[PDB]
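Structure record follows, encoded as structure tokens.
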Amino acid sequence: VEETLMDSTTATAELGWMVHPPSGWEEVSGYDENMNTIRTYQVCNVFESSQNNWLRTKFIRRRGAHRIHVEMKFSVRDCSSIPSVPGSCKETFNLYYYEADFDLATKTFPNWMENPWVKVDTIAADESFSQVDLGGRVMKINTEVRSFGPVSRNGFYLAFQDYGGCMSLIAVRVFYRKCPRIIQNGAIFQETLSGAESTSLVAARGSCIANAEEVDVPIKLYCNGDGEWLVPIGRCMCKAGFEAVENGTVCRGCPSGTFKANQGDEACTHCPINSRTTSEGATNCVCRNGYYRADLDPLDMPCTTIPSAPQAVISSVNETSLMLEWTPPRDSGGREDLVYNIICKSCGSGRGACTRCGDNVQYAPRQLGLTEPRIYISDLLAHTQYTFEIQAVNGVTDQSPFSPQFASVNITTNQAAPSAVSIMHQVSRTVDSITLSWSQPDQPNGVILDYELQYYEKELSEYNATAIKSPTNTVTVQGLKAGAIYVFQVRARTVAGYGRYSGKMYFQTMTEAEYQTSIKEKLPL
Ligand SMILES: *[C@@H]1O[C@H](CO)[C@@H](O[C@@H]2O[C@H](CO)[C@@H](O[C@@H]3O[C@H](CO)[C@@H](O)[C@H](O)[C@@H]3O)[C@H](O)[C@H]2NC(C)=O)[C@H](O)[C@H]1NC(C)=O
Ligand SMILES: *[C@@H]1O[C@H](CO)[C@@H](O[C@@H]2O[C@H](CO)[C@@H](O)[C@H](O)[C@H]2NC(C)=O)[C@H](O)[C@H]1NC(C)=O
Ligand SMILES: *[C@@H]1O[C@H](CO)[C@@H](O)[C@H](O)[C@H]1NC(C)=O
Ligand SMILES: *[C@@H]1O[C@H](CO)[C@@H](O)[C@H](O)[C@H]1NC(C)=O
């Protein structure tokens, strides 16, 4: 970024530059490269001998600059072109500067020689130029920049020296260079003026942007002479609850539905399932009411809840020993840390208040924290009634203000299994089904709850069998082959347990033709 301390082409009416001697430089109206009409200076005392012609600019405010740049546009007539020119002819001019705190210059001060002044360089027409048409004849306009520093006083003058040439100084622009305010690696680096030396790299310190915090230190950026910042050093990062936006220029609060817990430039991630943001810019998602997240739980994981009760409690009692199996709860709470607890309630044979179970009762594998849906129960009071409660508990249960969901079974020791079921008859049949029924076993020995039926193809074996559960003593079996003989065995279930499978009974589906006859009679639908 360049800041102009003086521009000769902004001259409204006339530049006030001092000419010494007046014999030399003269001010003349001219054109710029775009043919806009400006003020220029010229000197062509080529034949005259021993010429030292000086042109001094007005006072120029430094305005805090450190290295000053002077850009010069000009044209020179080549001494070859001038007929019968002496060897005094030159195609160069010299640039000088004088530093001062106040515009105290006269026609005699400072002295018009090299030393009160300071030489920048000898300027010549060298390969950097443009060509502009004027009225069919083209003019060559050279542009040359020079720089000088350090500069310390409030201002300075520039001086131009001719020593016997034909030249036209068209424009002079004086400027310094600054580096603009920038945001890099999360930091605001403020305006920095370029340094005095040509190769200067000036250092500036970064401060974190808005809702951001320093992460890697130190935070530094460097400004070069051409007005450009270099590669950054250090880093600021958007703090928790804030995400980097607008090519890293702002750190913005996390939008609703999103959270961020640790510092970073990354973007906020959505609240896990069954969680929500109380507000914007959230460091955490609050779990849904009745739902909790556990310690040691990944925070990407959804909020979870307690499991429901176990179901399908099936009990088989062998004398004082017992076996309880079941199937897992309908709702597992979203967790895989689900385990079962068994609580025992020894109770009177009648409606007397239940008592605590004995110390002697043995639980294999254990009373609590069961992994499989089954418990094998050892020594227990014989001919005694009891209630067993199997509760389901998962890894978030300890946060629940409610008691665990459980399943209950009332059962009595040394109770007899139902007798084997007598016989079964085929009620109806189709090509793919067999509907059949059987009699209640003659000696239930308790209340019967459900039945079990096992079927397999006669050509195949019990190895290939299937088993199903029947709430009543009649049921349909579907999916069978056409005209095939199937072997059926049935078993009853009381709280005490299962009976013995009945004798293998042999039924058969309709063949395809028999089913054709049946449906043909049934016509129409
Ligand atoms: C009904 O159940 C029986 C027994 O479970 C099944 O028979 C078994 O079928 C498998 C292939 O499905 C047989 O394994 C095969 O063994 C031969 C060598 O004999 C080998 O070349 C094959 O790559 C394959 O490993 C197995 O031997 C056989 N077992 C018996 C005792 O026969 C039968 O597939 C089941 N059918 C249905 C419809 O479910
Ligand atoms: C399992 O046994 C318990 C024994 O405590 C039974 O509990 C009683 O249930 C009746 C049901 O109306 C209540 O009126 C009683 O107050 C309960 N307490 C007692 C001490 O008897 C329970 O009903 C039995 N469950 C089944 C399905 O038989
Ligand atoms: C961010 O960078 C992309 C790069 O293609 C540019 O198109 C966009 O204008 C930049 N936005 C801002 C605010 O600088
Ligand atoms: C019950 O357990 C005994 C061992 O204590 C075992 O011999 C018997 O086969 C089991 N089953 C029945 C129905 O008794």
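Using the numbering of Swiss-Prot, the residues shown for chain A are 19-543, in order.
Every residue gets a Cβ built from N, Cα and C, even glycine.
In the disulfide annotation of Swiss-Prot, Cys62 is paired with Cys184 out of the candidates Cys184, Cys197, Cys226. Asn428 are the recorded positions among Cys97, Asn265, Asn428 whose C-beta comes within less than 6 Å of an atom of ligand 2, given in sequence order. The two recorded residues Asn265 (N-linked glycosylation site) and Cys184 (disulfide bond) have their Cα atoms spaced 55 Å from each other. Proximity of the recorded positions (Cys62, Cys107, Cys184, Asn265, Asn336, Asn428) to ligand 3: a Cβ under 6 Å from the molecule is found for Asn265.
When Cα-Cα distances from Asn336 (N-linked glycosylation site) are compared across the recorded positions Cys62, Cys97, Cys184, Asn428, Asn482, the shortest belongs to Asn428. Taking a Cβ distance under 6 Å to any atom of ligand 1 as the criterion, the recorded positions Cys62, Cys107, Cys184, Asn482 reduce to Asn482. When the glycosylation sites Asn265, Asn428, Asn482 are checked against ligand 4, none has a Cβ within less than 6 Å of one of its atoms. Break the domain 'Fibronectin type-III 2' (435-530) down by DSSP state and the numbers are 4 helix, 46 strand, 46 coil. Among the recorded positions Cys184, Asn428, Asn482, the ones whose Cα sits within 10 Å of the Cα of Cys107 (disulfide bond) are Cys184.
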